$ cat my_file.tsv   # TSV, C-alpha atoms and all ligand atoms
chain	number	residue	atom	x	y	z
J	1	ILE	CA	-7.79	-15.56	35.39
J	2	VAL	CA	-8.11	-18.66	37.58
J	3	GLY	CA	-5.88	-18.99	40.62
J	4	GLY	CA	-4.31	-15.57	40.20
J	5	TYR	CA	-3.94	-12.46	42.38
J	6	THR	CA	-5.19	-8.87	42.18
J	7	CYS	CA	-2.64	-6.99	40.06
J	8	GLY	CA	-3.20	-3.65	41.69
J	9	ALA	CA	-4.48	-0.51	40.00
J	10	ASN	CA	-2.48	0.34	36.88
J	11	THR	CA	0.44	-1.99	37.67
J	12	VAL	CA	0.02	-3.49	34.16
J	13	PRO	CA	-0.05	-0.20	32.13
J	14	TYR	CA	-0.17	-1.86	28.68
J	15	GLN	CA	-3.31	-3.87	29.43
J	16	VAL	CA	-6.36	-2.66	27.52
J	17	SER	CA	-10.02	-3.63	27.67
J	18	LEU	CA	-11.92	-4.01	24.41
J	19	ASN	CA	-15.43	-2.68	25.02
J	20	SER	CA	-18.52	-2.93	22.80
J	21	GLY	CA	-20.99	-1.87	25.46
J	22	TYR	CA	-19.29	-4.29	27.85
J	23	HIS	CA	-15.79	-5.78	28.21
J	24	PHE	CA	-15.43	-8.69	25.82
J	25	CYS	CA	-11.64	-9.04	25.38
J	26	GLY	CA	-8.27	-7.84	26.57
J	27	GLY	CA	-5.41	-6.50	24.48
J	28	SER	CA	-1.93	-4.93	24.66
J	29	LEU	CA	-0.89	-1.39	23.80
J	30	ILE	CA	2.23	-1.64	21.62
J	31	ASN	CA	2.47	2.10	20.78
J	32	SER	CA	0.39	5.25	21.26
J	33	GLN	CA	-2.05	4.33	18.48
J	34	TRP	CA	-1.95	0.54	18.04
J	35	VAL	CA	-3.34	-2.33	20.10
J	36	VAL	CA	-2.66	-6.03	19.55
J	37	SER	CA	-5.28	-8.65	20.50
J	38	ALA	CA	-6.56	-12.07	19.39
J	39	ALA	CA	-8.20	-12.37	15.96
J	40	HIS	CA	-11.01	-14.30	17.67
J	41	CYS	CA	-11.83	-11.03	19.47
J	42	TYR	CA	-12.67	-9.36	16.15
J	43	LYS	CA	-15.89	-7.36	16.24
J	44	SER	CA	-17.19	-4.09	14.81
J	45	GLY	CA	-17.74	-1.03	16.97
J	46	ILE	CA	-14.81	-1.57	19.32
J	47	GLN	CA	-13.88	1.09	21.86
J	48	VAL	CA	-10.46	0.65	23.43
J	49	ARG	CA	-10.28	1.41	27.16
J	50	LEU	CA	-6.87	2.23	28.65
J	51	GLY	CA	-5.79	2.97	32.21
J	52	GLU	CA	-8.42	0.59	33.55
J	53	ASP	CA	-8.50	-1.21	36.84
J	54	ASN	CA	-12.12	-1.55	37.90
J	55	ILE	CA	-13.96	-1.73	34.57
J	56	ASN	CA	-17.30	-0.84	36.18
J	57	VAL	CA	-16.13	2.30	37.99
J	58	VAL	CA	-14.56	5.49	36.59
J	59	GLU	CA	-11.48	5.89	38.77
J	60	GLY	CA	-9.74	8.71	36.92
J	61	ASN	CA	-6.92	7.20	34.87
J	62	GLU	CA	-8.91	5.97	31.89
J	63	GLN	CA	-8.71	6.90	28.22
J	64	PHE	CA	-11.59	5.69	26.08
J	65	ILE	CA	-10.64	5.77	22.41
J	66	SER	CA	-12.60	4.30	19.51
J	67	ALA	CA	-10.87	2.07	16.97
J	68	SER	CA	-10.54	3.48	13.45
J	69	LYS	CA	-9.42	0.23	11.84
J	70	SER	CA	-9.09	-3.47	12.74
J	71	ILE	CA	-6.78	-5.82	10.85
J	72	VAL	CA	-7.07	-9.55	11.43
J	73	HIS	CA	-4.00	-11.57	10.41
J	74	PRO	CA	-4.25	-12.53	6.71
J	75	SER	CA	-3.93	-16.25	7.49
J	76	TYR	CA	-6.16	-16.45	10.56
J	77	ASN	CA	-7.95	-19.81	10.76
J	78	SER	CA	-10.96	-19.68	13.10
J	79	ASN	CA	-11.28	-23.49	13.31
J	80	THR	CA	-7.70	-24.28	14.36
J	81	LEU	CA	-7.03	-20.86	15.91
J	82	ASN	CA	-3.77	-20.72	14.00
J	83	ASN	CA	-2.53	-17.13	13.48
J	84	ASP	CA	-4.86	-15.85	16.22
J	85	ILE	CA	-3.66	-12.25	16.22
J	86	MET	CA	-5.23	-8.92	15.27
J	87	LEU	CA	-4.11	-5.28	15.16
J	88	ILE	CA	-6.37	-2.39	16.14
J	89	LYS	CA	-5.63	1.23	15.27
J	90	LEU	CA	-6.98	3.96	17.56
J	91	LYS	CA	-8.75	7.01	16.10
J	92	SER	CA	-6.41	9.22	18.13
J	93	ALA	CA	-3.14	8.62	19.94
J	94	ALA	CA	-3.30	7.73	23.63
J	95	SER	CA	-1.51	10.00	26.12
J	96	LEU	CA	1.30	7.82	27.44
J	97	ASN	CA	2.13	8.22	31.12
J	98	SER	CA	3.21	5.97	33.99
J	99	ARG	CA	-0.24	4.35	34.15
J	100	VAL	CA	-0.78	3.99	30.40
J	101	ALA	CA	2.35	2.74	28.66
J	102	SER	CA	3.16	0.56	25.66
J	103	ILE	CA	4.77	-2.88	25.90
J	104	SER	CA	7.75	-3.65	23.66
J	105	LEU	CA	7.62	-6.30	20.95
J	106	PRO	CA	10.17	-9.11	21.39
J	107	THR	CA	13.38	-9.33	19.38
J	108	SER	CA	13.55	-13.08	20.08
J	109	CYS	CA	11.26	-15.92	21.18
J	110	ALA	CA	11.09	-16.78	24.88
J	111	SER	CA	12.25	-20.30	25.75
J	112	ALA	CA	10.50	-22.91	27.91
J	113	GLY	CA	11.04	-22.39	31.62
J	114	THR	CA	10.71	-18.62	31.34
J	115	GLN	CA	8.33	-17.04	33.87
J	116	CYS	CA	5.65	-14.79	32.40
J	117	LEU	CA	2.94	-12.43	33.64
J	118	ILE	CA	-0.56	-13.03	32.29
J	119	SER	CA	-3.45	-10.66	33.04
J	120	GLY	CA	-7.12	-10.01	32.37
J	121	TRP	CA	-10.67	-9.51	33.66
J	122	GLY	CA	-11.78	-13.00	32.71
J	123	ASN	CA	-13.61	-15.70	34.68
J	124	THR	CA	-11.89	-16.70	37.94
J	125	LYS	CA	-13.54	-20.12	38.27
J	126	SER	CA	-12.62	-23.37	36.51
J	127	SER	CA	-16.08	-24.75	37.27
J	128	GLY	CA	-18.74	-22.07	37.50
J	129	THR	CA	-18.70	-18.36	36.73
J	130	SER	CA	-17.51	-15.23	38.54
J	131	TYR	CA	-16.07	-12.24	36.72
J	132	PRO	CA	-13.85	-9.82	38.65
J	133	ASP	CA	-14.25	-6.10	38.12
J	134	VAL	CA	-10.56	-5.36	38.80
J	135	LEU	CA	-7.53	-6.71	36.92
J	136	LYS	CA	-6.20	-10.15	37.83
J	137	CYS	CA	-2.61	-11.33	37.32
J	138	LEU	CA	-0.94	-14.74	37.08
J	139	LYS	CA	2.73	-15.73	36.95
J	140	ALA	CA	3.18	-18.81	34.77
J	141	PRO	CA	6.11	-20.47	32.98
J	142	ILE	CA	6.29	-21.28	29.29
J	143	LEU	CA	6.11	-25.06	28.84
J	144	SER	CA	8.26	-27.05	26.43
J	145	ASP	CA	6.91	-27.76	22.94
J	146	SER	CA	6.89	-31.48	23.74
J	147	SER	CA	4.73	-31.21	26.86
J	148	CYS	CA	2.51	-28.80	24.93
J	149	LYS	CA	2.05	-31.12	21.95
J	150	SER	CA	1.52	-34.05	24.32
J	151	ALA	CA	-1.24	-32.18	26.15
J	152	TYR	CA	-2.89	-31.21	22.85
J	153	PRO	CA	-2.22	-33.96	20.25
J	154	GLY	CA	-2.37	-32.61	16.70
J	155	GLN	CA	-3.50	-29.08	17.61
J	156	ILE	CA	-0.33	-27.13	18.40
J	157	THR	CA	1.22	-25.27	15.48
J	158	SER	CA	4.56	-23.44	15.33
J	159	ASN	CA	2.61	-20.24	16.01
J	160	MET	CA	1.48	-21.38	19.46
J	161	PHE	CA	3.04	-22.09	22.84
J	162	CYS	CA	1.75	-23.51	26.11
J	163	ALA	CA	2.13	-21.71	29.41
J	164	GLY	CA	0.72	-22.61	32.79
J	165	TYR	CA	0.64	-25.61	35.09
J	166	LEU	CA	-0.04	-29.23	34.15
J	167	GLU	CA	-1.38	-29.67	37.69
J	168	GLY	CA	-4.17	-27.27	36.76
J	169	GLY	CA	-5.68	-24.74	39.16
J	170	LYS	CA	-4.05	-21.67	37.59
J	171	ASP	CA	-4.75	-20.47	34.05
J	172	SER	CA	-6.22	-17.71	31.89
J	173	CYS	CA	-9.92	-18.17	31.08
J	174	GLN	CA	-12.96	-16.84	29.23
J	175	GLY	CA	-12.75	-13.06	29.03
J	176	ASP	CA	-8.96	-12.98	29.13
J	177	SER	CA	-8.91	-13.54	25.36
J	178	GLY	CA	-6.57	-11.19	23.52
J	179	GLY	CA	-4.79	-10.38	26.78
J	180	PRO	CA	-1.00	-10.14	27.22
J	181	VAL	CA	1.63	-12.70	28.20
J	182	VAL	CA	4.75	-10.75	29.12
J	183	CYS	CA	8.11	-12.42	29.64
J	184	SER	CA	11.38	-10.51	30.13
J	185	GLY	CA	9.57	-7.19	29.77
J	186	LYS	CA	8.36	-8.02	26.24
J	187	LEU	CA	5.03	-9.13	24.80
J	188	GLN	CA	5.53	-12.83	23.99
J	189	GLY	CA	2.00	-14.19	23.89
J	190	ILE	CA	-1.68	-13.50	23.43
J	191	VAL	CA	-4.36	-15.41	25.34
J	192	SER	CA	-5.80	-17.67	22.64
J	193	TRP	CA	-7.40	-20.95	23.73
J	194	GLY	CA	-7.34	-23.98	25.99
J	195	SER	CA	-9.46	-26.99	26.89
J	196	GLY	CA	-11.68	-25.33	29.47
J	197	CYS	CA	-9.88	-23.45	32.24
J	198	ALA	CA	-7.27	-24.59	34.72
J	199	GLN	CA	-7.96	-28.24	33.92
J	200	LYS	CA	-5.29	-30.78	34.82
J	201	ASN	CA	-2.97	-31.48	31.87
J	202	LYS	CA	-4.75	-28.84	29.81
J	203	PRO	CA	-2.60	-25.66	30.02
J	204	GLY	CA	-3.33	-22.41	28.22
J	205	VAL	CA	-2.37	-22.08	24.56
J	206	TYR	CA	-1.01	-18.72	23.45
J	207	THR	CA	-0.28	-17.05	20.12
J	208	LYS	CA	3.51	-16.91	19.62
J	209	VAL	CA	4.00	-13.16	19.08
J	210	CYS	CA	7.69	-13.35	18.13
J	211	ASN	CA	6.66	-15.02	14.86
J	212	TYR	CA	4.59	-11.97	13.90
J	213	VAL	CA	6.97	-9.10	14.61
J	214	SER	CA	7.60	-8.51	10.88
J	215	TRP	CA	3.92	-8.52	9.99
J	216	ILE	CA	3.15	-6.18	12.90
J	217	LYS	CA	5.90	-3.69	12.02
J	218	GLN	CA	5.05	-3.66	8.31
J	219	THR	CA	1.33	-3.22	8.92
J	220	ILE	CA	1.78	-0.34	11.36
J	221	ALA	CA	4.20	1.30	8.93
J	222	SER	CA	1.60	1.39	6.14
J	223	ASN	CA	-1.68	2.04	7.96
E	301	LIG	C1	-12.43	-23.82	17.43
E	301	LIG	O1	-13.61	-23.91	18.27
E	301	LIG	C2	-13.49	-24.22	19.65
E	301	LIG	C3	-12.25	-24.52	20.25
E	301	LIG	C4	-12.11	-24.83	21.61
E	301	LIG	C5	-10.65	-25.14	22.00
E	301	LIG	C6	-13.27	-24.83	22.44
E	301	LIG	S1	-13.16	-25.17	24.14
E	301	LIG	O2	-12.52	-26.44	24.33
E	301	LIG	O3	-14.37	-25.02	24.92
E	301	LIG	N1	-12.16	-24.03	24.76
E	301	LIG	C7	-12.63	-22.69	25.01
E	301	LIG	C8	-12.81	-22.57	26.53
E	301	LIG	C9	-13.91	-21.61	26.90
E	301	LIG	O4	-14.56	-21.00	26.00
E	301	LIG	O5	-14.14	-21.49	28.11
E	301	LIG	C10	-11.70	-21.60	24.53
E	301	LIG	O6	-10.58	-21.88	24.13
E	301	LIG	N2	-12.23	-20.35	24.59
E	301	LIG	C11	-11.51	-19.15	24.23
E	301	LIG	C12	-11.26	-18.29	25.51
E	301	LIG	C13	-10.21	-18.99	26.35
E	301	LIG	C14	-8.85	-18.77	26.14
E	301	LIG	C15	-7.90	-19.44	26.92
E	301	LIG	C16	-8.27	-20.36	27.93
E	301	LIG	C17	-7.24	-21.08	28.77
E	301	LIG	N3	-6.03	-20.59	28.96
E	301	LIG	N4	-7.50	-22.24	29.33
E	301	LIG	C18	-9.66	-20.56	28.12
E	301	LIG	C19	-10.61	-19.89	27.36
E	301	LIG	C20	-12.45	-18.41	23.30
E	301	LIG	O7	-13.25	-17.64	23.81
E	301	LIG	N5	-12.40	-18.63	21.97
E	301	LIG	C21	-13.38	-17.98	21.10
E	301	LIG	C22	-14.33	-19.03	20.54
E	301	LIG	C23	-13.50	-20.14	19.83
E	301	LIG	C24	-12.54	-20.79	20.85
E	301	LIG	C25	-11.58	-19.72	21.41
E	301	LIG	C26	-14.53	-24.50	21.85
E	301	LIG	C27	-15.85	-24.47	22.66
E	301	LIG	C28	-14.64	-24.21	20.47
E	301	LIG	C29	-15.99	-23.86	19.78
E	302	CA	CA	-12.53	2.08	35.49

$ encode --input "my_file.tsv" --output "structure tokens"
Amino acid sequence: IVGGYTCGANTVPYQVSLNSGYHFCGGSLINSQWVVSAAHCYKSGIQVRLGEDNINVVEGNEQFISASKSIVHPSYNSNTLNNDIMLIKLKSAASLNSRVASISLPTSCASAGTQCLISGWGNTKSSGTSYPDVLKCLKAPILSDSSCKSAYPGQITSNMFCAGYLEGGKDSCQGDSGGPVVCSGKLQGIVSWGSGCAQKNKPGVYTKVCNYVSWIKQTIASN
């Protein structure tokens, strides 16, 4: 997260860290046994880490649970990043408490102008590299489809939305992939892609979760 602030230990209870020997992506806990992330975060041998703040220190509120199954959206296109969403099932159910809680799926799509909370352990520099060990947060509004399409000519599909600042300086970044974008207490987006990080006129592009609620519900119900 570039231009954000330190969330604070366990203030974002639904945030998960996907670990394969190291943190490679973020994700959101939607229920005791399912995690939603970006399809571009797909990898084998994923261990889901919950209750994390400092990912390099055991602080006492963590739950490390291996994934039993990963399901990448049936129409995921790795070249256009369209349908960049994936579901991960845990081998065992997480113990839900105040520090490890699930985020609700939306019943409707958030409109432009809505303020959202984005979080992750990704790079904090727009030029250069510096990964934080503790969770970073960023408040950012959803941009209109027009400004989004104008910033990214011919790349925005109906399954994507822009959020951030056209001025640049604040944005999600490498390592935040798969992370949550919460608006009105619901999971509305998934950190997907962008032209670099925090670049002027190049806001973050997020997977529009409200379009996948049916697929998510159906999948969970049969797996
Ligand atoms: C389809 O292939 C693509 C697509 C894009 C748009 C890019 S990019 O412009 O460099 N943008 C990168 C930026 C970067 O890697 O630093 C990106 O979107 N990366 C995301 C991570 C990310 C997400 C959001 C933001 C942001 N809000 N600005 C920045 C970075 C990523 O890891 N993947 C996996 C690899 C494929 C691209 C997406 C690249 C290199 C490839 C190969
Ligand atoms: Ca830790």

$ residues_around --input "my_file.tsv" --residues "segment 144-160 of chain J" --least-positions-apart "2" --cutoff "9 Å" --atoms "all atoms listed in the file" --output "number ranges by chain"
J: 80, 82-84, 111-113, 142, 162-163, 166, 189, 192, 195, 201-203, 205-212

$ atom_distance --input "my_file.tsv" --atom1 "atom CA of residue 138 of chain J" --atom2 "atom CA of residue 23 of chain J"
19.5 Å

$ axis_aligned_box --input "my_file.tsv" --around "ligand LIG 301 (chain E)" --padding-each-side "6 Å" --output "lines of an AutoDock Vina configuration file"
center_x = -11.0
center_y = -22.0
center_z = 23.4
size_x = 22.0
size_y = 20.8
size_z = 23.9

$ residues_near_ligand --input "my_file.tsv" --ligand "ligand CA 302 (chain E)" --cutoff "7 Å" --atoms "all atoms listed in the file" --output "PyMOL selection string"
chain J and resi 52-59+62

$ write_last_selection --input "my_file.tsv" --atoms "C-alpha atoms" --output "PDB file, in the frame of the given file"
ATOM      1  CA  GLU J  52      -8.420   0.590  33.550  1.00  0.00           C
ATOM      2  CA  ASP J  53      -8.500  -1.210  36.840  1.00  0.00           C
ATOM      3  CA  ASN J  54     -12.120  -1.550  37.900  1.00  0.00           C
ATOM      4  CA  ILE J  55     -13.960  -1.730  34.570  1.00  0.00           C
ATOM      5  CA  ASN J  56     -17.300  -0.840  36.180  1.00  0.00           C
ATOM      6  CA  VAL J  57     -16.130   2.300  37.990  1.00  0.00           C
ATOM      7  CA  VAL J  58     -14.560   5.490  36.590  1.00  0.00           C
ATOM      8  CA  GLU J  59     -11.480   5.890  38.770  1.00  0.00           C
ATOM      9  CA  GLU J  62      -8.910   5.970  31.890  1.00  0.00           C
TER      10      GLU J  62
END

$ residues_near_ligand --input "my_file.tsv" --ligand "ligand LIG 301 (chain E)" --cutoff "10 Å" --atoms "all atoms listed in the file" --output "PyMOL selection string"
chain J and resi 1-2+24-25+38-42+77-82+84+118+122-123+126-127+152+155+162-164+168+170-179+190-199+202-206

$ residues_around --input "my_file.tsv" --residues "residue 50 of chain J" --least-positions-apart "2" --cutoff "8 Å" --atoms "only C-alpha atoms" --output "ChimeraX atom specification"
/J:14-17,48,52,61-64,100

$ write_last_selection --input "my_file.tsv" --atoms "C-alpha atoms" --output "CSV table (one decimal), in the coordinates of the input"
chain,number,residue,atom,x,y,z
J,14,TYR,CA,-0.2,-1.9,28.7
J,15,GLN,CA,-3.3,-3.9,29.4
J,16,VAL,CA,-6.4,-2.7,27.5
J,17,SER,CA,-10.0,-3.6,27.7
J,48,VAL,CA,-10.5,0.6,23.4
J,52,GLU,CA,-8.4,0.6,33.6
J,61,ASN,CA,-6.9,7.2,34.9
J,62,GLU,CA,-8.9,6.0,31.9
J,63,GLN,CA,-8.7,6.9,28.2
J,64,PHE,CA,-11.6,5.7,26.1
J,100,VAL,CA,-0.8,4.0,30.4

$ closest_residue --input "my_file.tsv" --among "J:32, J:19, J:10, J:95" --to "residue 47 of chain J" --atoms "all atoms listed in the file"
J:19

$ residues_around --input "my_file.tsv" --residues "residue 36 of chain J" --least-positions-apart "2" --cutoff "10 Å" --atoms "only C-alpha atoms" --output "CSV table (one decimal) with C-alpha atoms, in the coordinates of the input"
chain,number,residue,atom,x,y,z
J,16,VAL,CA,-6.4,-2.7,27.5
J,26,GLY,CA,-8.3,-7.8,26.6
J,27,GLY,CA,-5.4,-6.5,24.5
J,28,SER,CA,-1.9,-4.9,24.7
J,29,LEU,CA,-0.9,-1.4,23.8
J,30,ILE,CA,2.2,-1.6,21.6
J,31,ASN,CA,2.5,2.1,20.8
J,34,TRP,CA,-2.0,0.5,18.0
J,38,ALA,CA,-6.6,-12.1,19.4
J,39,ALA,CA,-8.2,-12.4,16.0
J,70,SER,CA,-9.1,-3.5,12.7
J,71,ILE,CA,-6.8,-5.8,10.8
J,72,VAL,CA,-7.1,-9.6,11.4
J,85,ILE,CA,-3.7,-12.2,16.2
J,86,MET,CA,-5.2,-8.9,15.3
J,87,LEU,CA,-4.1,-5.3,15.2
J,88,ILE,CA,-6.4,-2.4,16.1
J,89,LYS,CA,-5.6,1.2,15.3
J,178,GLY,CA,-6.6,-11.2,23.5
J,179,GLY,CA,-4.8,-10.4,26.8
J,180,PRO,CA,-1.0,-10.1,27.2
J,187,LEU,CA,5.0,-9.1,24.8
J,190,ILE,CA,-1.7,-13.5,23.4
J,209,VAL,CA,4.0,-13.2,19.1
J,216,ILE,CA,3.2,-6.2,12.9

$ atom_distance --input "my_file.tsv" --atom1 "atom CA of residue 97 of chain J" --atom2 "atom CA of residue 43 of chain J"
28.1 Å

$ atom_distance --input "my_file.tsv" --atom1 "atom CA of residue 115 of chain J" --atom2 "atom CA of residue 182 of chain J"
8.7 Å

$ closest_residue --input "my_file.tsv" --among "J:213, J:169, J:96, J:105" --to "residue 124 of chain J" --atoms "all atoms listed in the file"
J:169

$ closest_residue --input "my_file.tsv" --among "J:35, J:140, J:109, J:135" --to "residue 94 of chain J" --atoms "all atoms listed in the file"
J:35

$ closest_residue --input "my_file.tsv" --among "J:131, J:22, J:76, J:161" --to "residue 110 of chain J" --atoms "all atoms listed in the file"
J:161

$ build_atoms --input "my_file.tsv" --residues "segment 10-34 of chain J" --atoms "N, CA, C and O atoms" --output "compact mmCIF listing (two decimals), in the coordinates of the input"
# COMPACT_ATOMS: atom_id res chain seq x y z
N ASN J 10 -3.45 -0.15 37.85
CA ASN J 10 -2.48 0.34 36.88
C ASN J 10 -1.05 -0.18 37.00
O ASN J 10 -0.11 0.49 36.58
N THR J 11 -0.88 -1.39 37.55
CA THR J 11 0.44 -1.99 37.67
C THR J 11 0.82 -2.72 36.37
O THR J 11 1.96 -3.16 36.20
N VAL J 12 -0.16 -2.86 35.47
CA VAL J 12 0.02 -3.49 34.16
C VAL J 12 -0.50 -2.43 33.17
O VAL J 12 -1.51 -2.61 32.50
N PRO J 13 0.26 -1.33 33.00
CA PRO J 13 -0.05 -0.20 32.13
C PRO J 13 -0.36 -0.42 30.65
O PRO J 13 -0.99 0.43 30.03
N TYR J 14 0.06 -1.55 30.10
CA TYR J 14 -0.17 -1.86 28.68
C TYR J 14 -1.43 -2.68 28.46
O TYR J 14 -1.78 -2.99 27.32
N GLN J 15 -2.09 -3.07 29.54
CA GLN J 15 -3.31 -3.87 29.43
C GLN J 15 -4.49 -3.01 29.01
O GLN J 15 -4.75 -1.97 29.62
N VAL J 16 -5.19 -3.42 27.96
CA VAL J 16 -6.36 -2.66 27.52
C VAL J 16 -7.59 -3.55 27.60
O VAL J 16 -7.50 -4.78 27.64
N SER J 17 -8.75 -2.92 27.65
CA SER J 17 -10.02 -3.63 27.67
C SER J 17 -10.74 -3.26 26.38
O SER J 17 -10.81 -2.08 26.04
N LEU J 18 -11.18 -4.26 25.63
CA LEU J 18 -11.92 -4.01 24.41
C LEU J 18 -13.38 -4.00 24.84
O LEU J 18 -13.89 -4.98 25.40
N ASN J 19 -14.05 -2.87 24.61
CA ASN J 19 -15.43 -2.68 25.02
C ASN J 19 -16.36 -2.44 23.82
O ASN J 19 -16.01 -1.75 22.87
N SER J 20 -17.52 -3.10 23.85
CA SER J 20 -18.52 -2.93 22.80
C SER J 20 -19.85 -2.82 23.55
O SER J 20 -20.85 -3.42 23.18
N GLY J 21 -19.82 -2.03 24.62
CA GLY J 21 -20.99 -1.87 25.46
C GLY J 21 -20.73 -2.60 26.77
O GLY J 21 -21.38 -2.36 27.79
N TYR J 22 -19.73 -3.47 26.72
CA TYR J 22 -19.29 -4.29 27.85
C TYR J 22 -17.90 -4.81 27.46
O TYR J 22 -17.54 -4.79 26.28
N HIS J 23 -17.12 -5.24 28.45
CA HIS J 23 -15.79 -5.78 28.21
C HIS J 23 -15.96 -7.16 27.60
O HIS J 23 -16.61 -8.02 28.19
N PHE J 24 -15.34 -7.39 26.45
CA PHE J 24 -15.43 -8.69 25.82
C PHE J 24 -14.06 -9.34 25.59
O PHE J 24 -13.96 -10.56 25.46
N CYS J 25 -13.00 -8.53 25.59
CA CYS J 25 -11.64 -9.04 25.38
C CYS J 25 -10.59 -8.10 25.93
O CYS J 25 -10.86 -6.94 26.21
N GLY J 26 -9.38 -8.63 26.09
CA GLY J 26 -8.27 -7.84 26.57
C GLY J 26 -7.42 -7.52 25.35
O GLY J 26 -7.78 -7.87 24.22
N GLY J 27 -6.29 -6.86 25.58
CA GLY J 27 -5.41 -6.50 24.48
C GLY J 27 -4.18 -5.84 25.06
O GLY J 27 -4.16 -5.59 26.26
N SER J 28 -3.18 -5.56 24.23
CA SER J 28 -1.93 -4.93 24.66
C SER J 28 -1.61 -3.72 23.82
O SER J 28 -1.64 -3.78 22.59
N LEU J 29 -1.26 -2.62 24.49
CA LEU J 29 -0.89 -1.39 23.80
C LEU J 29 0.58 -1.52 23.40
O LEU J 29 1.45 -1.65 24.26
N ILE J 30 0.85 -1.51 22.09
CA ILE J 30 2.23 -1.64 21.62
C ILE J 30 2.87 -0.29 21.26
O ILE J 30 4.09 -0.20 21.13
N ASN J 31 2.04 0.73 21.06
CA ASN J 31 2.47 2.10 20.78
C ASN J 31 1.25 2.99 20.96
O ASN J 31 0.13 2.51 21.04
N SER J 32 1.47 4.30 21.03
CA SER J 32 0.39 5.25 21.26
C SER J 32 -0.90 5.11 20.44
O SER J 32 -1.94 5.61 20.84
N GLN J 33 -0.85 4.44 19.30
CA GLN J 33 -2.05 4.33 18.48
C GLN J 33 -2.39 2.92 17.99
O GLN J 33 -3.30 2.76 17.19
N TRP J 34 -1.67 1.91 18.47
CA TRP J 34 -1.95 0.54 18.04
C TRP J 34 -2.08 -0.43 19.21
O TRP J 34 -1.32 -0.37 20.18
